[PDB]
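Per the deposited numbering, the sequence shown starts with residue 20, numbered consecutively. Okay, structure first, notes after.
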Amino acid sequence: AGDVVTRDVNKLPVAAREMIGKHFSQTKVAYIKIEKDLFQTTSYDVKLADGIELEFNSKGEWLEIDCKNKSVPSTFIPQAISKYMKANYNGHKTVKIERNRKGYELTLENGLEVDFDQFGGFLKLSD
């Protein structure tokens, strides 16, 4: 029931391995924390050697992409959200994105968090 750490990428769901290989080929996996939540559901918290941190669900679908001081690859940002960001928070970098059943949270370099619903509708600024 305990959380485990490993360097063995064979322990990640295939979909997570593919995601990392496609989108973060500039680096590689440092370690993986395999965790159970309060629902006893497995997630994977992955540190890349360059410091990037990714989180994936039990199926290897990404939940959080944290590029620290660099921009999130744009492919991960829904089009409606990128439109909004360009119009409203132009010239700012999104350095972290998280998605959940309620929507999206984009974190800027300055630490501002911009919250959207699942449709990419703006909700609020937070942190």
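Cβ coordinates follow ideal geometry from the N, Cα and C atoms, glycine included.
Do you know whose CA, among 68, 50, 54 and 75, lies nearest residue 38's CA?
75
Count the other C-beta atoms from every protein chain shown that fall within 10 angstroms of the C-beta of residue 31, then say buried if there are 16 or more, exposed otherwise.
buried
I'd like to check one pair, residue 91 with residue 65: are the Cβ atoms closer than 8 angstroms?
no
Considering only the beta carbon of each residue, do residue 131 and residue 142 sit closer than 8 angstroms?
no
Assigned secondary structure, residue 126 (DSSP; H/G/I helix, E/B strand, else coil)
strand
My understanding is that residue 85 touches residue 53, with C-beta atoms under 8 angstroms, so please give their C-beta distance in whole angstroms.
About 18 angstroms separates the two Cβ atoms, so there is no contact after all.
Who pairs with residue 76 in a beta bridge, going by DSSP?
Paired residues: none, contrary to the question.
Are residue 24 and residue 50 closer than 8 angstroms when you measure CB to CB?
yes
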